[PDB]
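Asker: Contents of work_14.cif (mmCIF, C-alpha atoms):
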data_target
#
loop_
_atom_site.label_atom_id
_atom_site.label_comp_id
_atom_site.auth_asym_id
_atom_site.auth_seq_id
_atom_site.Cartn_x
_atom_site.Cartn_y
_atom_site.Cartn_z
CA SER A 1 137.07 4.86 -6.80
CA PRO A 2 140.35 4.63 -4.93
CA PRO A 3 140.13 1.66 -2.48
CA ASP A 4 138.17 2.03 0.79
CA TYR A 5 138.48 1.02 4.47
CA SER A 6 135.05 -0.65 5.25
CA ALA A 7 136.84 -3.56 7.08
CA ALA A 8 134.90 -2.73 10.30
CA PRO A 9 137.27 -2.30 13.30
CA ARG A 10 136.76 -4.34 16.50
CA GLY A 11 138.36 -4.44 19.99
CA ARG A 12 139.07 -0.66 19.61
CA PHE A 13 136.13 1.67 18.80
CA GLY A 14 134.38 -0.54 16.23
CA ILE A 15 131.36 -2.62 15.21
CA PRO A 16 131.47 -6.28 16.32
CA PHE A 17 128.40 -8.55 15.68
CA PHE A 18 126.48 -6.34 18.25
CA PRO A 19 123.28 -5.75 16.10
CA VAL A 20 122.57 -9.55 16.12
CA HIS A 21 121.23 -9.65 19.68
CA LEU A 22 119.19 -6.46 19.17
CA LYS A 23 117.72 -7.50 15.78
CA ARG A 24 116.93 -10.85 17.48
CA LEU A 25 114.90 -8.84 20.05
CA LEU A 26 112.99 -7.17 17.18
CA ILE A 27 112.49 -10.52 15.35
CA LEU A 28 111.13 -12.04 18.61
CA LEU A 29 108.85 -9.01 19.16
CA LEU A 30 107.51 -9.60 15.60
CA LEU A 31 107.24 -13.36 16.40
#
Render the structure in this file as structure tokens.
Answerer:
Amino acid sequence: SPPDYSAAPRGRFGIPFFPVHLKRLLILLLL
């Protein structure tokens, strides 16, 4: 391809490590 931009933004409309805490809820539910 041409190069891409998948370097996830943060501190302005972006994806920090947020799904950790939530997937940890699901893992605990399973546990």
Asker: If we count only C-alpha atoms, what is near region 1-7 of chain A at a cut-off of 12 Å, once residues fewer than 4 positions away on the same chain are taken out, given as a PyMOL selection string?
Answerer: chain A and resi 14-16
Asker: CA of residue 11 (chain A) and CA of residue 24 (chain A), how far apart in Å?
Answerer: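 Between CA of residue 24 (chain A) and CA of residue 11 (chain A) the gap is 22.5 Å.
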Asker: Around all the atoms of region 13-30 of chain A listed in the file, with 4 Å of room on each side, what axis-aligned box do you get, giving centre and edge lengths in Å to one decimal, as JSON?
Answerer:
{"center_x": 121.8, "center_y": -5.2, "center_z": 17.6, "size_x": 36.6, "size_y": 21.7, "size_z": 12.8}
